Amino acid sequence: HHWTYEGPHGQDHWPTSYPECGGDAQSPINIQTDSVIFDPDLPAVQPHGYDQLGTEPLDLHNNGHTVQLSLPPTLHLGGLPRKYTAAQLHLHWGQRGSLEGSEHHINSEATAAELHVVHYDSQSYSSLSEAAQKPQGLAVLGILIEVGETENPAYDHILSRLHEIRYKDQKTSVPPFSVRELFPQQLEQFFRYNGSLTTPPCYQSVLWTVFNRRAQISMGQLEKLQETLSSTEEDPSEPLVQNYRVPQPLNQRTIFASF
Ligand SMILES: *[C@@H]1O[C@H](CO)[C@@H](O[C@@H]2O[C@H](CO)[C@@H](O)[C@H](O)[C@H]2NC(C)=O)[C@H](O)[C@H]1NC(C)=O
Ligand SMILES: [Cl-]
Ligand SMILES: [Zn+2]
C-alpha cells in the first residue's frame, strides 16, 4: 500500500492503485517555450511577506519521499484567481552524481533540483485537505534549482539540519528564516497552467506557476541534500534519492507565460 518512485510500485504503477494518477491533466510537464502562449494580462505572482515567518519554530520532517518544511497560515500568495495560503514546502532531487533532479523540464532540459511551495484556497475552502480535491483548490510554486559556484545561505536553513531527520518519519524544528530567499531574485517571468499533485493520489486541483528564473546552490549543497536522508524508518538505510516524477503528457493544455 506504500507507493515509491521507481520499482514495483514506482510512478509507473501509480495509475493502478491511484486512478487519478492517470488523469488527463497531470504534472509535471516538459515546458516547450515555442508553444508558450504569451499573456500580457497575467498579474505578477507576489508572495506577501514570505520573509516574515513569525517567531515559532518551523517543523522540518522526513516522508521517506522528501524533506518538508511547514509554513504559517500568515503567508499569503497573491496574483492568482483566488486568495491562496502557504501550507508547506519541500524538495525533489536526483540521485548522487546526477545533475538532473527536477520534475519540470524547460525545452527538454531538467535542472539539479526543484522546490515546490504548496498553497490552498483559503478563500473558498476551510482547509488544505478540503481544497486538495477541488478544482483550482491548490496553488503550487515551482522553483527550478541549478548548481552555482557560490554557497546559498537561504538553503542552508534546511540543508544544515538534514542530519537530524535522516530516517523516514523523524522531525525537528528550525528557527524561522526567510523563505522568500529560496525563490529566484526576479519573479516577473513565469509559466502558468493547470496541473495536479506530483505524487499519489495525483489530484488535479493544482494551478501551477513555474518560475523562469532559477535558484542556485553550491555543488556541495546539492551533495548534502542528496546523500543525507534515508527512505527507511531505521537501518539498513536506503538513499532517499530520485524523488522526482517524470514529465507527463500535456494532452492539449495551454501553457501561458508572463513574458
Ligand atoms: C485552468 O482551467 C480553468 C477552467 O477550465 C480555466 O478557466 C477558464 O477560463 C475561461 C477563459 O479563460 C473562462 O471562460 C472559464 O469560465 C474558466 N473556467 C472556470 C469555470 O473558471 C483557466 O484558464 C485554466 N488555467 C490556465 C491559465 O491554464
Ligand atoms: Cl504494503
Ligand atoms: Zn513536489
# chains A, B, ... in the order shown; residues from 1 in each chain; ligands from 1
call {"tool": "residues_around", "arguments": {"residues": "residue 50 of chain A", "least_positions_apart": "6", "cutoff": "10 Å", "atoms": "only C-alpha atoms", "output": "list in words"}}
result
residues 71, 72, 74, 75, 76, 77, 86, 177, 178, 179, 180, 181, 182 and 183 of chain A
call {"tool": "closest_atom_pairs", "arguments": {"of": "chain A", "to": "ligand 2", "cutoff": "12 Å", "atoms": "only C-alpha atoms and all ligand atoms", "output": "CSV"}}
result
residue,atom,partner,partner_atom_place_in_ligand_line,distance
A:1,CA,ligand 2,1 (Cl),4.0
A:2,CA,ligand 2,1 (Cl),5.3
A:3,CA,ligand 2,1 (Cl),8.5
A:4,CA,ligand 2,1 (Cl),10.8
A:8,CA,ligand 2,1 (Cl),11.5
A:9,CA,ligand 2,1 (Cl),9.8
A:17,CA,ligand 2,1 (Cl),11.8
call {"tool": "write_last_selection", "arguments": {"atoms": "C-alpha atoms", "output": "mmCIF file, in the first residue's frame"}}
result
data_model
loop_
_atom_site.group_PDB
_atom_site.id
_atom_site.type_symbol
_atom_site.label_atom_id
_atom_site.label_comp_id
_atom_site.auth_asym_id
_atom_site.auth_seq_id
_atom_site.Cartn_x
_atom_site.Cartn_y
_atom_site.Cartn_z
ATOM 1 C CA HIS A 1 0.000 0.000 0.000
ATOM 2 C CA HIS A 2 3.091 2.238 0.068
ATOM 3 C CA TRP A 3 3.970 3.848 -3.247
ATOM 4 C CA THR A 4 7.590 4.598 -4.158
ATOM 5 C CA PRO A 8 7.461 -2.493 -8.455
ATOM 6 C CA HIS A 9 5.325 0.286 -7.001
ATOM 7 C CA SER A 17 -3.632 1.988 -7.168
#
call {"tool": "closest_residue", "arguments": {"among": "A:218, A:98, A:136, A:152", "to": "residue 206 of chain A", "atoms": "only C-alpha atoms"}}
result
A:136
call {"tool": "closest_atom_pairs", "arguments": {"of": "chain A", "to": "ligand 3", "cutoff": "9 Å", "atoms": "only C-alpha atoms and all ligand atoms", "output": "JSON lines"}}
result
{"residue": "A:66", "atom": "CA", "partner": "ligand 3", "partner_atom_place_in_ligand_line": "1 (Zn)", "distance": 8.4}
{"residue": "A:89", "atom": "CA", "partner": "ligand 3", "partner_atom_place_in_ligand_line": "1 (Zn)", "distance": 8.0}
{"residue": "A:90", "atom": "CA", "partner": "ligand 3", "partner_atom_place_in_ligand_line": "1 (Zn)", "distance": 6.2}
{"residue": "A:91", "atom": "CA", "partner": "ligand 3", "partner_atom_place_in_ligand_line": "1 (Zn)", "distance": 6.2}
{"residue": "A:92", "atom": "CA", "partner": "ligand 3", "partner_atom_place_in_ligand_line": "1 (Zn)", "distance": 6.5}
{"residue": "A:103", "atom": "CA", "partner": "ligand 3", "partner_atom_place_in_ligand_line": "1 (Zn)", "distance": 8.1}
{"residue": "A:114", "atom": "CA", "partner": "ligand 3", "partner_atom_place_in_ligand_line": "1 (Zn)", "distance": 7.8}
{"residue": "A:115", "atom": "CA", "partner": "ligand 3", "partner_atom_place_in_ligand_line": "1 (Zn)", "distance": 7.0}
{"residue": "A:116", "atom": "CA", "partner": "ligand 3", "partner_atom_place_in_ligand_line": "1 (Zn)", "distance": 4.9}
{"residue": "A:117", "atom": "CA", "partner": "ligand 3", "partner_atom_place_in_ligand_line": "1 (Zn)", "distance": 7.7}
{"residue": "A:118", "atom": "CA", "partner": "ligand 3", "partner_atom_place_in_ligand_line": "1 (Zn)", "distance": 7.9}
{"residue": "A:140", "atom": "CA", "partner": "ligand 3", "partner_atom_place_in_ligand_line": "1 (Zn)", "distance": 8.5}
{"residue": "A:142", "atom": "CA", "partner": "ligand 3", "partner_atom_place_in_ligand_line": "1 (Zn)", "distance": 8.1}
{"residue": "A:197", "atom": "CA", "partner": "ligand 3", "partner_atom_place_in_ligand_line": "1 (Zn)", "distance": 7.3}
{"residue": "A:198", "atom": "CA", "partner": "ligand 3", "partner_atom_place_in_ligand_line": "1 (Zn)", "distance": 6.0}
{"residue": "A:199", "atom": "CA", "partner": "ligand 3", "partner_atom_place_in_ligand_line": "1 (Zn)", "distance": 7.5}
{"residue": "A:244", "atom": "CA", "partner": "ligand 3", "partner_atom_place_in_ligand_line": "1 (Zn)", "distance": 7.8}
{"residue": "A:245", "atom": "CA", "partner": "ligand 3", "partner_atom_place_in_ligand_line": "1 (Zn)", "distance": 8.7}
call {"tool": "write_last_selection", "arguments": {"atoms": "N, CA, C and O atoms", "output": "tab-separated table (two decimals), in the first residue's frame"}}
result
chain	number	residue	atom	x	y	z
A	66	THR	N	10.57	12.83	0.68
A	66	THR	CA	11.16	14.17	0.57
A	66	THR	C	11.34	14.82	1.94
A	66	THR	O	10.87	14.29	2.94
A	89	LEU	N	6.26	23.23	2.14
A	89	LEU	CA	7.33	23.42	1.18
A	89	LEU	C	8.22	22.18	1.24
A	89	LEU	O	8.46	21.64	2.31
A	90	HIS	N	8.67	21.71	0.08
A	90	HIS	CA	9.53	20.54	0.03
A	90	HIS	C	10.40	20.55	-1.22
A	90	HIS	O	10.32	21.47	-2.04
A	91	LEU	N	11.22	19.51	-1.37
A	91	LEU	CA	12.15	19.42	-2.50
A	91	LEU	C	12.11	18.11	-3.27
A	91	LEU	O	11.54	17.11	-2.83
A	92	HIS	N	12.72	18.14	-4.44
A	92	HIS	CA	12.84	16.98	-5.32
A	92	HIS	C	14.26	17.04	-5.85
A	92	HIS	O	14.76	18.11	-6.20
A	103	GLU	N	11.53	18.08	-11.56
A	103	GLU	CA	10.38	17.38	-12.11
A	103	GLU	C	9.94	18.04	-13.40
A	103	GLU	O	9.61	17.36	-14.38
A	114	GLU	N	14.25	20.72	-7.66
A	114	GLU	CA	13.09	21.59	-7.79
A	114	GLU	C	12.39	21.80	-6.44
A	114	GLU	O	12.15	20.85	-5.68
A	115	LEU	N	12.07	23.06	-6.16
A	115	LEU	CA	11.39	23.45	-4.93
A	115	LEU	C	9.90	23.69	-5.18
A	115	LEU	O	9.54	24.45	-6.06
A	116	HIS	N	9.06	23.03	-4.39
A	116	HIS	CA	7.62	23.18	-4.50
A	116	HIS	C	7.02	23.82	-3.25
A	116	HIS	O	7.19	23.32	-2.15
A	117	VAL	N	6.32	24.93	-3.43
A	117	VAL	CA	5.67	25.61	-2.32
A	117	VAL	C	4.16	25.40	-2.51
A	117	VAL	O	3.55	26.04	-3.37
A	118	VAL	N	3.58	24.50	-1.74
A	118	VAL	CA	2.16	24.18	-1.85
A	118	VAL	C	1.22	25.13	-1.09
A	118	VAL	O	1.39	25.35	0.11
A	140	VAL	N	0.52	25.73	-6.43
A	140	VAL	CA	1.91	25.46	-6.10
A	140	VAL	C	2.87	26.37	-6.86
A	140	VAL	O	2.55	26.85	-7.95
A	142	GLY	N	6.68	26.44	-8.37
A	142	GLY	CA	7.80	25.59	-8.69
A	142	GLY	C	9.04	26.40	-8.97
A	142	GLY	O	9.06	27.25	-9.88
A	197	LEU	N	-1.15	17.18	-8.44
A	197	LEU	CA	-0.14	16.93	-7.43
A	197	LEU	C	0.82	15.96	-8.15
A	197	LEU	O	0.38	15.21	-9.03
A	198	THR	N	2.10	15.97	-7.80
A	198	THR	CA	3.02	15.08	-8.50
A	198	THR	C	3.35	13.80	-7.75
A	198	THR	O	4.37	13.16	-7.99
A	199	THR	N	2.45	13.42	-6.86
A	199	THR	CA	2.56	12.21	-6.05
A	199	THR	C	1.14	11.74	-5.86
A	199	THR	O	0.19	12.54	-5.96
A	244	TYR	N	11.67	12.30	-7.84
A	244	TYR	CA	11.00	13.20	-8.76
A	244	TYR	C	10.15	12.43	-9.74
A	244	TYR	O	10.51	11.32	-10.15
A	245	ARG	N	9.00	12.99	-10.09
A	245	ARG	CA	8.12	12.35	-11.06
A	245	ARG	C	8.60	12.81	-12.44
A	245	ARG	O	9.11	13.93	-12.59
call {"tool": "atom_distance", "arguments": {"atom1": "atom CA of residue 29 of chain A", "atom2": "atom CA of residue 93 of chain A"}}
result
16.1 Å
call {"tool": "decode", "arguments": {"residues": "segment 66-83 of chain A", "atoms": "N, CA, C and O atoms", "output": "PDB file, in the first residue's frame"}}
result
ATOM      1  N   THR A  66      10.567  12.834   0.683  1.00  0.00           N
ATOM      2  CA  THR A  66      11.163  14.168   0.573  1.00  0.00           C
ATOM      3  C   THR A  66      11.339  14.820   1.936  1.00  0.00           C
ATOM      4  O   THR A  66      10.865  14.294   2.943  1.00  0.00           O
ATOM      5  N   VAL A  67      12.033  15.959   1.953  1.00  0.00           N
ATOM      6  CA  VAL A  67      12.207  16.742   3.164  1.00  0.00           C
ATOM      7  C   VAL A  67      11.163  17.856   3.037  1.00  0.00           C
ATOM      8  O   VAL A  67      11.115  18.557   2.026  1.00  0.00           O
ATOM      9  N   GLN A  68      10.321  18.010   4.050  1.00  0.00           N
ATOM     10  CA  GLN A  68       9.263  19.012   4.014  1.00  0.00           C
ATOM     11  C   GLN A  68       9.272  19.967   5.210  1.00  0.00           C
ATOM     12  O   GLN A  68       9.361  19.545   6.372  1.00  0.00           O
ATOM     13  N   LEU A  69       9.190  21.258   4.904  1.00  0.00           N
ATOM     14  CA  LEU A  69       9.171  22.319   5.902  1.00  0.00           C
ATOM     15  C   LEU A  69       7.720  22.752   6.050  1.00  0.00           C
ATOM     16  O   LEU A  69       6.961  22.716   5.084  1.00  0.00           O
ATOM     17  N   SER A  70       7.320  23.156   7.250  1.00  0.00           N
ATOM     18  CA  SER A  70       5.945  23.601   7.454  1.00  0.00           C
ATOM     19  C   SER A  70       5.911  25.118   7.384  1.00  0.00           C
ATOM     20  O   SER A  70       6.912  25.763   7.680  1.00  0.00           O
ATOM     21  N   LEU A  71       4.782  25.689   6.973  1.00  0.00           N
ATOM     22  CA  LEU A  71       4.678  27.142   6.871  1.00  0.00           C
ATOM     23  C   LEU A  71       3.439  27.698   7.586  1.00  0.00           C
ATOM     24  O   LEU A  71       2.358  27.101   7.550  1.00  0.00           O
ATOM     25  N   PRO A  72       3.578  28.859   8.241  1.00  0.00           N
ATOM     26  CA  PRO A  72       2.480  29.500   8.970  1.00  0.00           C
ATOM     27  C   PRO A  72       1.345  29.921   8.029  1.00  0.00           C
ATOM     28  O   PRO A  72       1.577  30.160   6.842  1.00  0.00           O
ATOM     29  N   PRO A  73       0.102  30.020   8.548  1.00  0.00           N
ATOM     30  CA  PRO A  73      -1.023  30.431   7.700  1.00  0.00           C
ATOM     31  C   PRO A  73      -0.975  31.929   7.431  1.00  0.00           C
ATOM     32  O   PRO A  73      -1.840  32.452   6.739  1.00  0.00           O
ATOM     33  N   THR A  74       0.019  32.622   7.990  1.00  0.00           N
ATOM     34  CA  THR A  74       0.133  34.059   7.776  1.00  0.00           C
ATOM     35  C   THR A  74       0.722  34.362   6.404  1.00  0.00           C
ATOM     36  O   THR A  74       0.676  35.511   5.949  1.00  0.00           O
ATOM     37  N   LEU A  75       1.283  33.343   5.751  1.00  0.00           N
ATOM     38  CA  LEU A  75       1.866  33.530   4.420  1.00  0.00           C
ATOM     39  C   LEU A  75       0.757  33.466   3.377  1.00  0.00           C
ATOM     40  O   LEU A  75       0.103  32.433   3.218  1.00  0.00           O
ATOM     41  N   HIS A  76       0.561  34.575   2.667  1.00  0.00           N
ATOM     42  CA  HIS A  76      -0.484  34.671   1.660  1.00  0.00           C
ATOM     43  C   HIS A  76       0.057  34.966   0.262  1.00  0.00           C
ATOM     44  O   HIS A  76       0.778  35.953   0.053  1.00  0.00           O
ATOM     45  N   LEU A  77      -0.309  34.114  -0.691  1.00  0.00           N
ATOM     46  CA  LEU A  77       0.113  34.264  -2.081  1.00  0.00           C
ATOM     47  C   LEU A  77      -0.919  35.046  -2.896  1.00  0.00           C
ATOM     48  O   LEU A  77      -2.072  34.619  -3.009  1.00  0.00           O
ATOM     49  N   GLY A  78      -0.506  36.179  -3.468  1.00  0.00           N
ATOM     50  CA  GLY A  78      -1.418  36.979  -4.276  1.00  0.00           C
ATOM     51  C   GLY A  78      -1.112  36.952  -5.771  1.00  0.00           C
ATOM     52  O   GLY A  78      -0.034  36.520  -6.192  1.00  0.00           O
ATOM     53  N   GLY A  79      -2.061  37.415  -6.580  1.00  0.00           N
ATOM     54  CA  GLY A  79      -1.867  37.434  -8.020  1.00  0.00           C
ATOM     55  C   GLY A  79      -2.610  36.336  -8.764  1.00  0.00           C
ATOM     56  O   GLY A  79      -2.618  36.313  -9.996  1.00  0.00           O
ATOM     57  N   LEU A  80      -3.234  35.422  -8.029  1.00  0.00           N
ATOM     58  CA  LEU A  80      -3.969  34.327  -8.653  1.00  0.00           C
ATOM     59  C   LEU A  80      -5.472  34.613  -8.622  1.00  0.00           C
ATOM     60  O   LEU A  80      -5.900  35.608  -8.035  1.00  0.00           O
ATOM     61  N   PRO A  81      -6.289  33.757  -9.270  1.00  0.00           N
ATOM     62  CA  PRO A  81      -7.748  33.924  -9.319  1.00  0.00           C
ATOM     63  C   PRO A  81      -8.443  33.989  -7.955  1.00  0.00           C
ATOM     64  O   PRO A  81      -9.446  34.681  -7.791  1.00  0.00           O
ATOM     65  N   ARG A  82      -7.911  33.253  -6.987  1.00  0.00           N
ATOM     66  CA  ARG A  82      -8.458  33.224  -5.635  1.00  0.00           C
ATOM     67  C   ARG A  82      -7.311  33.573  -4.697  1.00  0.00           C
ATOM     68  O   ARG A  82      -6.166  33.694  -5.132  1.00  0.00           O
ATOM     69  N   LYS A  83      -7.616  33.730  -3.413  1.00  0.00           N
ATOM     70  CA  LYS A  83      -6.586  34.041  -2.435  1.00  0.00           C
ATOM     71  C   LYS A  83      -6.065  32.733  -1.867  1.00  0.00           C
ATOM     72  O   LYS A  83      -6.834  31.928  -1.332  1.00  0.00           O
TER      73      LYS A  83
END
